[PDB]
Structure formats: structure tokens, C-alpha cells
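What follows is a set of notes on a single structure, which appears directly below.
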6 protein chains.
Amino acid sequence: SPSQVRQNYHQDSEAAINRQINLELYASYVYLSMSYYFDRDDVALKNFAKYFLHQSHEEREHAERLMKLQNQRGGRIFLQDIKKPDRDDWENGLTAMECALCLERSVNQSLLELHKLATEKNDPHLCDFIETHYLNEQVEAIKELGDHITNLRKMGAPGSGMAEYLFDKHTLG
Amino acid sequence: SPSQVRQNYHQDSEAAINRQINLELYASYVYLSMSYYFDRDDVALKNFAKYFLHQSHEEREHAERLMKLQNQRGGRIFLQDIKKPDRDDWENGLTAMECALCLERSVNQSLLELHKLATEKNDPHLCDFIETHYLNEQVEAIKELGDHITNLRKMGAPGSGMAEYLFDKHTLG
Amino acid sequence: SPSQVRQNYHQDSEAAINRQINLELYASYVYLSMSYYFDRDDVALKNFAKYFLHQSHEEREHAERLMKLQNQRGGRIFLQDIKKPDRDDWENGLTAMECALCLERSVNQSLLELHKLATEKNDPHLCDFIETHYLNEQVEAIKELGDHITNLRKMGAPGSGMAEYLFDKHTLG
Amino acid sequence: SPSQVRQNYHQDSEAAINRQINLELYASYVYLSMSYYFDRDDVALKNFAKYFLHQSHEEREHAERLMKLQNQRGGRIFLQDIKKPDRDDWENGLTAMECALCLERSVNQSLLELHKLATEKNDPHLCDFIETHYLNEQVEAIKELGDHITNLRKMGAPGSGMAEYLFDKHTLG
Amino acid sequence: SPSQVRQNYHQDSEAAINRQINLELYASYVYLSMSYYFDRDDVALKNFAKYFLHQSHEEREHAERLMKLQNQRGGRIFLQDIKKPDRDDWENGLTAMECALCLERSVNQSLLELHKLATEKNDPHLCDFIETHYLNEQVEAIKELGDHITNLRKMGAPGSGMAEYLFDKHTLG
Amino acid sequence: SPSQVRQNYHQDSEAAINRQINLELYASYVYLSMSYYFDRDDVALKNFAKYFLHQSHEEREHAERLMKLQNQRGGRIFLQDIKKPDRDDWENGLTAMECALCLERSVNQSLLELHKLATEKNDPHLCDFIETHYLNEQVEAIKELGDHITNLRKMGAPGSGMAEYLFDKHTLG
Ligand SMILES: [Fe+3]
Ligand SMILES: [Fe+3]
Ligand SMILES: [Fe+3]
Ligand SMILES: [Fe+3]
Ligand SMILES: [Fe+3]
Ligand SMILES: [Fe+3]
């Protein structure tokens with residue numbers, strides 16, 4: 001039953017990899033929702049839409065990389081239902097940035113739990129994979145989101161639409 | 001009397017094409033009026049003037065394409081008087097954008113009526129011509145105008161001239 | 001309440017566009033499942049994996065284009081849950097090709113129903129959009145899948161793994 | 001019995017596609033006859049021969065495209081006898097142009113009937129195919145033939161051979 | 001009320017500039033009418049159509065330059081109705097050339113009256129503008145039209161259609 | 001009645017040239033039938049379709065060259081009805097190759113009879129034309145078809161579809 005390539009790969013690690021795949025695709029779905037929310041005629045923030053579409057594409061790559069890692073170690077991929085994003089209307093740019101920050105913090109927390117599980121199971125390859133491809137990216141993404149939120153708050157968002165317009169033109173542009 | 005190239009071309013379709021030609025040229029005239037209104041020394045919005053001059057040139061092309069289609073199908077072009085635009089002073093940028101949105105919606109409504117007439121008369125070539133060259137352009141133009149109006153409203157226009165200046169420099173520039 | 005860009009866009013058309021978006025993303029999910037099924041060490045068909053990953057990326061683009069069309073016409077995007085693919089193990093290459101053919105036929109049937117609804121609602125722009133971007137692509141994809149299935153059956157698949165190997169190397173390679 | 005790719009493709013549409021294929025090849029045969037009639041030593045109009053040979057090649061492509069469409073939709077091609085052109089001697093350039101105009105009008109009428117049948121059978125892909133690849137081409141070809149006939153009549157053809165010589169050298173050259 | 005840039009600009013000069021703008025656009029409309037008259041299948045003179053379309057585009061530029069001059073001097077543009085051309089059928093090439101000559105002579109006469117008014121009002125900038133951008137162009141256009149009419153008369157137009165065909169091919173081509 | 005260029009050109013030679021033209025076009029029609037038979041979804045042999053389409057184009061050129069030769073020698077072209085191919089379903093690749101071999105042998109036999117007639121009528125130009133443009137081509141085509149048939153038989157065709165697939169990919173590809 002076990003694959004000819006499976007070595008030092010625990011069942012719990014495989015299940016955690018599958019759950020992380022589902023999370024990464026949920027995050028991609030949420031970012032797509034934000035991106036096409038900012039493409040609305042009553043919102044009209046092109047650079048916000050570009051930023052969130054790029055985030056969605058990145059998360060899909062993260063998930064595809066996770067699926068490739070699952071296949072490499074001899075595990076079996078079990079896809080689940082990709083849940084809808086918790087919101088349909090994202091209010092404005094600052095709220096979308098804060099929701100994206102909350103997402104990334106959750107993805108990073110899940111990745112930290114996965115690394116802790118791999119360390120407990122003595123899987124050095126999985127730990128190195130998580131450290132190389134997912135940890136520093138999460139901290140850079142969280143730092144970037146925090147910078148964006150700080151700039152939006154200081155410019156006067158969300159009360160002033162001039163602030164969101166100028167942030168769209170200068171920072172994200 | 002009928003031309004050697006006229007085939008499956010109804011009289012009502014020819015009359016509707018002539019009326020659409022007159023509308024497209026009226027729209028070009030209105031856009032020219034807006035463009036050279038924004039060139040005034042007491043207005044001084046160069047990018048608004050460029051945008052509306054480009055819209056005027058586009059509408060002329062639309063009309064010239066309509067005249068070419070009329071000649072291709074064996075119909076006869078009957079030009080009418082190009083009426084003056086309903087306004088001489090366009091108040092400000094937001095009002096001009098809203099008036100342009102109203103125009104385009106009317107041109108699109110006229111184009112939809114023309115397509116409905118062509119479908120009722122079983123003229124597939126005319127329907128395909130309208131769909132290919134005029135429908136998607138109208139929806140893109142209307143979407144762009146809606147985005148511009150939303151951005152202008154959110155920036156604080158027309159109350160704040162800083163908003164119109166920054167929209168001129170960043171969006172239309 | 002209605003957007004400033006909404007014109008000749010029916011509620012039923014908006015709902016059908018949302019359902020088509022959900023279908024296109026389900027199809028992308030299914031193609032991703034097939035692609036990373038063929039990346040398994042006990043399957044090892046690299047070109048099948050490439051083909052299905054490309055199909056998944058294409059379907060996402062189809063969905064993103066549908067979302068853009070929804071935003072252009074003044075409709076509102078309502079995302080739903082992306083259901084898991086009906087299978088986790090795809091047996092072999094021929095079975096995967098047949099399942100992909102069944103999917104595409106369903107997507108084409110849904111697109112034909114959407115076009116019929118748009119024609120009944122007299123929405124020429126939506127009909128032209130569906131015809132230009134989705135109908136001929138569906139027929140080309142279905143034709144390609146039928147060719148692949150015929151070649152696989154004639155080569156001796158799925159009984160002979162030599163047939164699947166040679167089809168992977170020569171056709172999909 | 002039905003092909004694995006056949007979907008929303010009616011039998012009447014398949015028969016009409018076969019008849020259109022036969023017509024397109026008959027038109028190609030007629031154009032070839034005209035072209036090699038103008039290559040005679042007692043006619044000696046090289047540019048007329050080039051024009052009609054190009055028309056023949058175009059019609060063959062039209063037929064080959066029709067055959068490809070028939071194969072794409074799951075229909076079966078049934079070739080018939082290609083009838084000889086109704087004339088062996090084409091009198092002169094103006095008569096050949098008028099006969100070519102009559103042909104094209106017939107091909108366009110057949111294409112319009114085919115589009116009407118496809119619309120009645122609710123085959124949007126076939127309607128879009130006919131509109132995209134065959135309707136506007138027919139109207140451009142008919143317009144070009146009408147222009148050529150008008151120029152030939154005004155120059156003094158067919159009474160004056162100087163007119164046909166100058167039309168061959170300047171227009172078709 | 002007067003603009004901050006208005007200096008040595010008389011009200012009569014502003015009114016004459018507005019009337020000249022309306023004339024230049026009427027001339028552009030007339031040239032467009034001629035150009036798309038020569039695109040008819042029963043006329044079929046491509047180079048005449050090109051010539052008159054170029055004349056129409058030039059006259060629009062003349063009008064746009066006049067509007068720019070009006071804005072530069074502090075005057076206010078007041079657009080009027082663009083009257084339809086006096087003819088729908090232009091008979092033939094020679095008649096169209098003669099009508100174009102009559103137009104240009106009228107535009108030049110209006111420009112000469114405008115220059116006389118500016119000289120009487122002691123507006124050296126307006127006089128220099130008219131001399132630099134409009135007088136020599138009118139005399140060159142009138143000379144070219146006279147040459148075309150002389151050539152058409154000598155070749156045998158409008159009685160001989162061979163003359164119009166050869167003039168279209170050689171002179172305007 | 002005879003043309004000014006007719007010299008040493010017999011009536012029987014002219015009739016044989018016309019019959020050869022009709023045969024060459026029938027062969028082109030048959031090759032087109034085979035090519036678009038192999039484009040079917042239940043056949044799916046792209047390289048067979050390419051090969052037979054190229055053969056059809058070549059035969060048309062052969063016929064056009066024959067028509068040009070007929071015009072050069074002062075003969076008159078008399079086109080006949082192009083008969084439908086004897087088959088609609090070509091079974092498989094080997095059967096199509098064998099039918100193509102039978103055709104070419106017939107075309108070569110007809111060409112040999114035409115050369116014999118020209119030699120009997122003492123027409124050295126016609127004999128040289130047939131030898132230069134048609135004899136060696138027939139023997140090369142027959143040799144190529146024999147090689148293809150031998151390879152198909154040795155690979156196991158038509159019983160093994162793997163043989164036809166590999167021949168399509170390697171030989172015709
Ligand atoms: Fe990620
Ligand atoms: Fe327009
Ligand atoms: Fe798709
Ligand atoms: Fe054709
Ligand atoms: Fe002028
Ligand atoms: Fe041949």
C-alpha cells in the first residue's frame with residue numbers, strides 16, 4: 001500500500017499538508033473576491049484589484065507547491081470544498097487590507113503549527129521546506145500589509161476617499 | 001433603382017443606420033464642446049480636454065464606420081443637421097463626466113434598438129456588425145465613465161478643486 | 001441601488017453569470033485534481049499533468065473573465081463554495097480524458113443555456129460575449145478531448161500501459 | 001452511433017453544411033474556369049486571370065473551413081459531384097464580373113438561409129461561425145464586385161476594349 | 001467677468017471667430033458627404049473619396065485650431081448647429097470638384113472679411129494668425145481645385161467616365 | 001477559327017489534355033475527401049490529414065498546370081463535372097494509402113497514354129512537357145505510397161491501432 005518513495009513521512013504530516021492545501025486555496029479564493037470587488041464601478045480602485053489578484057495567484061502557487069510536496073514525499077492529496085469568503089462587500093481599501101492581514105496571520109499560524117508538528121515527528125525535510133518556502137514569505141507579506149494599513153490610517157482612510165485614491169495611485173501603482 | 005449590392009437590407013434598417021450616424025456625430029460634437037470647454041483659462045484642465053477630444057475623434061470614427069457600412073450594404077446616406085450640444089458651460093469635471101455617461105448610455109440604447117430592429121428584420125450581418133464594433137465598446141466606455149465618476153465623487157469633487165486637479169494629473173494623465 | 005453602468009442587464013442573466021463563474025472554478029479545481037493525480041510516483045505521467053494543469057489555468061481565466069464581465073455590466077459577484085471533484089483517484093489517462101470530456105460538455109451545455117437565456121432577455125452584448133469567448137473554445141476543447149480519447153482507445157489504453165506512455169510522450173509531449 | 005463530440009448539432013444543420021460545402025466548391029470551380037478563360041491568347045487579360053484564380057483559391061478555403069467546422073461539431077461530410085460551370089466562354093471582363101456578382105449573391109443567400117436555419121435550431125456556435133467567417137466577407141466581395149462592374153460600365157466596357165485593358169492594368173494590377 | 005488673459009480682443013472679433021468655427025465645421029461636413037458619396041457602389045471612385053475625406057479632416061483641424069485660438073485670446077466658444085450639406089447626390093467628380101471650389105472660395109472670403117475686421121479693430125495677433133494659418137492655405141487649396149477642374153474638363157469629364165476613372169487613378173492616386 | 005498560337009497541336013491531344021485536367025481534379029477531390037476523413041474525432045490522425053491535404057493541393061496544381069499548357073498551345077479548356085470520390089468512409093490509414101496508390105497508378109497510366117498519343121501525333125513539346133512535369137512525379141509518388149504501405153503492413157496495420165498511431169507520429173510527422 002505505501003508508495004515506493006515514502007520514507008520518514010508521517011500520516012499526521014500528510015493530513016496537515018492536505019489541510020494547508022485547502023487553506024491556501026481558500027486564501028486564494030478570498031484574494032480573488034477582494035480583487036474583483038475592487039473592480040466594481042462604484043469602487044473603481046484598479047491598483048487594489050491588481051494587488052489582490054496578484055495575492056490570489058501567489059496563494060494558488062503556494063497551494064500547488066504544497067500539492068507537489070505532498071506528491072514528492074509519497075503522500076496522497078485529498079481535496080476538500082473551497083469555502084466561500086466570509087464577505088461579499090469589503091467596505092473599502094483599509095478594511096480589505098485588515099482582512100488580508102488577518103488571513104495571512106492565520107496562514108502563518110497554520111504554517112507554524114505544521115512546522116511544529118514536523119519537528120515533533122522528526123521530519124527535517126518538511127521543516128526545511130516550510131522554512132524555505134513559506135515562513136519568510138509570510139513575515140514579508142505580513143510586514144507589507146502592516147505598512148499598507150499604517151499608511152492608510154495615517155492618510156485619513158477610510159473616512160477620506162482622497163486618501164484611498166492617492167494610496168492606490170502612489171503606493172500600489 | 002436598388003443597387004446591385006443590396007441584398008437582405010431593409011429600408012427600416014437603412015433609416016436606423018442614418019439616424020445612428022447623426023447621433024454619433026452629435027456625440028462627437030458634444031465631446032468636442034466639452035474638450036474645448038476644459039481648455040479655457042478659467043478651467044485649465046489639460047487632461048480632461050485631451051480625454052474629451054479623444055472621445056470626439058472616436059465618435060467620428062464610429063460615424064464614419066457607420067457610413068461605410070451603409071455604403072457596403074447598398075443603402076444611401078442621408079445626412080441631417082448636427083444639433084448643438086445642450087450646454088455651453090459644463091460647470092466642472094464631474095458634471096462633464098456625468099453628461100458623457102448620459103450620452104453614452106443613450107448611444108448604447110440607440111444601438112440596442114438598432115440591433116433589435118436588425119434581429120426582427122432577420123439581418124444577421126447587421127447584427128454581427130453592431131455586436132462586433134459597437135456593443136462591447138459602449139459597455140467599456142460606460143464602465144470607464146462610471147469608474148471616473150466614482151473616483152471623482154470619492155475624492156471630493158466638485159466641491160474640492162484639489163480633487164479635480166489630482167484626478168486630472170493622476171488618472172487622465 | 002442599481003449601478004450607474006447597469007443597462008439592459010437582467011437579474012436572471014446576473015444570476016446565471018454567477019452560476020457560470022462557480023462552474024468554471026469547479027472545472028478548474030477538477031483539472032487541478034487530475035493534474036496533481038498524474039504527478040504521483042505510482043502514475044508518473046508528466047505530460048498528462050502538464051495538460052490538466054494548463055486546463056485548470058485556462059478555466060480560472062474563463063472564470064476571471066466572467067467575473068470581469070459581471071462587473072462591467074453592473075452586476076454583483078456572489079461567490080459560492082467550490083465543491084470538491086467527484087473523484088480522488090482518476091484510474092488512468094483514458095478515464096481522466098473521458099471525465100474531462102464530460103466536464104467540458106457540461107460547461108458547454110451551461111454556456112448554451114446562458115446564451116439562450118440572454119437571447120430570450122434580448123441582451124445582445126451578453127450573447128456576443130458568450131459567442132466570442134466561450135462557445136468556439138468549448139467546441140475546440142471537446143474536439144481535442146475526443147481526438148485524445150480516440151487515440152487512447154486505438155492504441156490499446158487503458159489495458160496497455162505502453163499505450164499511455166507513448167501517448168504521453170508523443171501527443172501530449 | 002453519434003460522435004462523442006456532437007452536442008446541440010442538428011441533422012438539418014449538418015445537411016445544410018454539406019450543401020454549403022458543395023456550393024463553395026462549385027464557386028471555386030467557376031472562378032477557376034473564369035481565370036483560365038482570361039489566360040487565353042485571344043483574351044489576354046493577365047490581371048483578370050489573377051483575380052479569378054485568387055477568388056477560386058479563396059472559395060476552396062471557405063469550403064475547407066466548412067469541412068473543418070463539420071468535423072468539429074461531430075457531423076459527417078458527404079461530398080457530392082462538383083457541377084461544371086454554366087459557361088465555357090465568358091464573353092469579356094464585364095460579363096465575367098457580372099456572373100461573379102451573381103454567384104456571390106447566391107452564396108450569400110445560401111449562407112443567410114443557413115444562418116436562419118441555425119437560429120431556428122438554436123445553434124449559437126453555428127450562427128457565430130457563419131457571422132464571423134462568411135457574412136462580412138460576402139458583403140465585402142459583393143461590394144468589390146459592384147465597384148468593379150460600375151467602373152467597367154463607366155469606362156465604356158464591353159464595347160471598348162481599351163476600357164477593359166486599362167481596367168486590367170490599373171484596377172486589378 | 002472678462003477673463004484674466006483677455007487683452008486687445010474685441011467682441012466682434014470673438015463673434016466672427018465663432019462664425020468661422022461654424023463655417024469650418026460645415027465645410028468638414030460637406031467634404032465628408034462628398035467622400036462617402038464617392039464610396040457608393042454605383043460611383044466607385046476610391047481616390048475621390050480619399051481626397052474628400054482628407055479635406056474633411058483638414059477642415060476639422062482648421063476649426064479645432066480656431067477654437068484653440070478663441071480660448072487663447074480669452075473669448076468664449078459658442079457652437080451652433082452644423083447644417084446639412086446642400087446636396088446628397090454629387091452627380092460626378094467634376095461637379096464635386098466645382099462645389100468644393102465654391103466652398104473654399106466662400107471660406108476664403110469669410111477669412112478675408114475676418115482679417116479685415118481684425119485690422120479695423122487693430123488686433124495684430126489675430127491678423128497674423130489668419131495670415132499664417134488660413135490665407136495661404138486657402139489660396140493653395142483653391143489653386144489645387146482649379147487645376148483638378150481644368151484637368152477634368154480637358155480630359156472630357158463629365159461626359160466620358162473614362163476621363164474620371166483615369167483622373168482618379170493618375171492624379172488623385 | 002484556330003488561334004494564332006496553335007501550331008502542331010492536334011485535336012485528339014487537346015481532348016486528352018481536357019480529360020487529364022478532369023482526372024487531376026477528381027484526384028484532388030479524392031485526396032481532400034481522405035484528408036477531411038482523417039480529421040474526424042473518431043479517427044484523429046492529424047498527419048494523415050496533412051498528407052492527404054497536401055496531395056490534394058498538389059493535384060490541383062497539376063491540373064492548373066495542365067490548363068495553362070492547354071491555353072499555351074492554343075487549345076480550348078472544356079471543364080466537366082468533378083465526380084464524387086468512390087468512398088465516404090476510408091476505413092483506416094492503410095486502406096486510404098492503398099486507395100491513393102490505386103489512384104496514382106491510374107493517373108500515371110492516363111499520363112502514359114497521353115504521352116503515347118502525343119508521340120503518335122509527333123508533338124515533341126507535349127511529350128517533353130509530360131516527361132518533365134508529370135512522369136517522374138508519378139513514379140516518385142507511387143514509390144512513396146508503396147513505402148508507406150509496406151511500413152504500415154509490417155507495423156501490424158490495420159489490425160493494430162498502435163501501428164497507425166506510431167506511423168502517423170514518426171513517418172508522416
Ligand atoms: Fe500563501
Ligand atoms: Fe461611438
Ligand atoms: Fe472554460
Ligand atoms: Fe466563399
Ligand atoms: Fe479650412
Ligand atoms: Fe497529379
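Here's how to read the names in the C-alpha cells: chain A, B, ... by the order shown, residue numbers from 1 in each chain, ligand numbers from 1 in the order shown.
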Residues of chain E within 10 Å of chain D, counting only C-alpha atoms - could you list those as a VMD selection string? chain E and resid 39 to 46 159 to 166 169 to 170
Write out as a ChimeraX atom specification which residues come within 7 Å of range 112-120 of chain C when counting only C-alpha atoms, dropping same-chain ones fewer than 5 positions away. /C:13,16,126-127,130
Residue 24 in chain E environment, 8 Å, only C-alpha atoms, sequence neighbours closer than 2 positions dropped, as a list in words: residues 20, 21, 22, 26, 27, 28, 59, 60, 62, 63 and 107 of chain E
Using N, CA and C atoms, can you export the residues from the last selection as an mmCIF file, in the first residue's frame?
data_model
loop_
_atom_site.group_PDB
_atom_site.id
_atom_site.type_symbol
_atom_site.label_atom_id
_atom_site.label_comp_id
_atom_site.auth_asym_id
_atom_site.auth_seq_id
_atom_site.Cartn_x
_atom_site.Cartn_y
_atom_site.Cartn_z
ATOM 1 N N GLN E 20 -16.721 81.678 -37.897
ATOM 2 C CA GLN E 20 -15.738 80.971 -38.710
ATOM 3 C C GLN E 20 -15.597 79.519 -38.268
ATOM 4 N N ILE E 21 -15.683 79.264 -36.960
ATOM 5 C CA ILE E 21 -15.663 77.891 -36.461
ATOM 6 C C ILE E 21 -16.836 77.108 -37.035
ATOM 7 N N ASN E 22 -18.028 77.708 -36.996
ATOM 8 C CA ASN E 22 -19.199 77.024 -37.536
ATOM 9 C C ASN E 22 -19.049 76.769 -39.032
ATOM 10 N N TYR E 26 -19.022 73.188 -40.963
ATOM 11 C CA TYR E 26 -19.912 72.914 -42.088
ATOM 12 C C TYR E 26 -19.133 72.436 -43.307
ATOM 13 N N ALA E 27 -17.981 73.054 -43.577
ATOM 14 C CA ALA E 27 -17.155 72.618 -44.698
ATOM 15 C C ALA E 27 -16.657 71.194 -44.495
ATOM 16 N N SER E 28 -16.259 70.858 -43.265
ATOM 17 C CA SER E 28 -15.845 69.489 -42.972
ATOM 18 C C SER E 28 -16.990 68.510 -43.200
ATOM 19 N N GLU E 59 -10.356 70.404 -42.586
ATOM 20 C CA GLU E 59 -11.260 71.445 -42.132
ATOM 21 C C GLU E 59 -11.589 71.321 -40.657
ATOM 22 N N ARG E 60 -11.710 70.111 -40.135
ATOM 23 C CA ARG E 60 -11.921 69.925 -38.703
ATOM 24 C C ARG E 60 -10.737 70.462 -37.926
ATOM 25 N N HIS E 62 -8.855 72.812 -38.897
ATOM 26 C CA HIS E 62 -8.923 74.246 -39.023
ATOM 27 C C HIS E 62 -9.854 74.769 -37.965
ATOM 28 N N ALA E 63 -10.971 74.107 -37.775
ATOM 29 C CA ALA E 63 -11.912 74.506 -36.752
ATOM 30 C C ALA E 63 -11.415 74.305 -35.370
ATOM 31 N N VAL E 107 -15.056 80.107 -47.900
ATOM 32 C CA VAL E 107 -14.275 80.095 -46.679
ATOM 33 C C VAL E 107 -13.191 81.149 -46.751
#
Determine, counting only C-alpha atoms, which protein, DNA and RNA residues have an atom within 12 Å of an atom of residue 84 in chain F; residues of the same chain fewer than 4 positions away are not included. Present the result as a list in words. residues 22, 25, 77, 78, 79, 80, 81, 82 and 83 of chain D; 23, 25, 26, 27, 28, 29, 30, 31, 32, 33, 34 and 88 of chain F
Would you work out the distance separating CA of residue 131 in chain E from CA of residue 53 in chain E, expressed in Å to one decimal?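 Atom-to-atom, CA of residue 131 in chain E and CA of residue 53 in chain E are spaced 25.0 Å apart.
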Which residues are near residue 8 in chain B? Cut-off 10 Å, only C-alpha atoms, ignore same chain within fewer than 5 positions. Put them as a ChimeraX atom specification. /B:73-74,121-126 /D:108-109,112
Write out the residues from the selection above, keeping N, CA, C and O atoms, as an mmCIF file, in the first residue's frame.
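This is the output file out-v1.cif:
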data_model
loop_
_atom_site.group_PDB
_atom_site.id
_atom_site.type_symbol
_atom_site.label_atom_id
_atom_site.label_comp_id
_atom_site.auth_asym_id
_atom_site.auth_seq_id
_atom_site.Cartn_x
_atom_site.Cartn_y
_atom_site.Cartn_z
ATOM 1 N N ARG B 73 -23.763 47.932 -47.707
ATOM 2 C CA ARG B 73 -24.990 47.155 -47.818
ATOM 3 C C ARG B 73 -25.916 47.652 -48.918
ATOM 4 O O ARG B 73 -26.998 47.084 -49.094
ATOM 5 N N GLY B 74 -25.524 48.685 -49.658
ATOM 6 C CA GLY B 74 -26.353 49.227 -50.710
ATOM 7 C C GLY B 74 -27.305 50.320 -50.282
ATOM 8 O O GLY B 74 -28.082 50.801 -51.116
ATOM 9 N N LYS B 121 -35.752 42.061 -38.376
ATOM 10 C CA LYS B 121 -35.741 42.007 -39.832
ATOM 11 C C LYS B 121 -34.895 40.865 -40.374
ATOM 12 O O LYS B 121 -34.762 40.748 -41.597
ATOM 13 N N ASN B 122 -34.324 40.033 -39.502
ATOM 14 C CA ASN B 122 -33.500 38.894 -39.909
ATOM 15 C C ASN B 122 -32.321 39.338 -40.771
ATOM 16 O O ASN B 122 -32.102 38.824 -41.868
ATOM 17 N N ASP B 123 -31.557 40.306 -40.268
ATOM 18 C CA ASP B 123 -30.350 40.780 -40.939
ATOM 19 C C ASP B 123 -29.138 40.368 -40.116
ATOM 20 O O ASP B 123 -28.621 41.174 -39.327
ATOM 21 N N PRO B 124 -28.649 39.131 -40.254
ATOM 22 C CA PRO B 124 -27.534 38.677 -39.409
ATOM 23 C C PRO B 124 -26.260 39.484 -39.574
ATOM 24 O O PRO B 124 -25.524 39.646 -38.592
ATOM 25 N N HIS B 125 -25.970 39.985 -40.778
ATOM 26 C CA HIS B 125 -24.755 40.770 -40.973
ATOM 27 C C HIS B 125 -24.797 42.062 -40.169
ATOM 28 O O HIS B 125 -23.801 42.445 -39.547
ATOM 29 N N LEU B 126 -25.942 42.748 -40.170
ATOM 30 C CA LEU B 126 -26.065 43.980 -39.398
ATOM 31 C C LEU B 126 -25.953 43.707 -37.903
ATOM 32 O O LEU B 126 -25.303 44.464 -37.172
ATOM 33 N N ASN D 108 -24.122 34.147 -50.727
ATOM 34 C CA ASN D 108 -24.548 34.903 -49.577
ATOM 35 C C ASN D 108 -25.987 34.534 -49.240
ATOM 36 O O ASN D 108 -26.307 34.363 -48.083
ATOM 37 N N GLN D 109 -26.842 34.384 -50.239
ATOM 38 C CA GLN D 109 -28.208 33.972 -49.932
ATOM 39 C C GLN D 109 -28.236 32.605 -49.261
ATOM 40 O O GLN D 109 -28.982 32.389 -48.298
ATOM 41 N N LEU D 112 -27.116 33.071 -45.726
ATOM 42 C CA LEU D 112 -28.178 33.666 -44.919
ATOM 43 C C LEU D 112 -29.238 32.634 -44.559
ATOM 44 O O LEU D 112 -29.739 32.615 -43.430
#
Just the helix (DSSP H, G or I) stuff from chain C, please, per backbone DSSP, written as a ChimeraX atom specification. /C:11-37,46-72,93-120,124-155,161-170
Just want the 8 Å neighbourhood of residue 89 in chain C, counted on only C-alpha atoms, with same-chain residues fewer than 2 positions away dropped. Output as a CSV table (one decimal) with C-alpha atoms, in the first residue's frame.
chain,number,residue,atom,x,y,z
C,37,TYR,CA,-3.1,13.0,-9.6
C,87,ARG,CA,-13.0,11.6,-7.7
C,91,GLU,CA,-7.7,5.4,-12.6
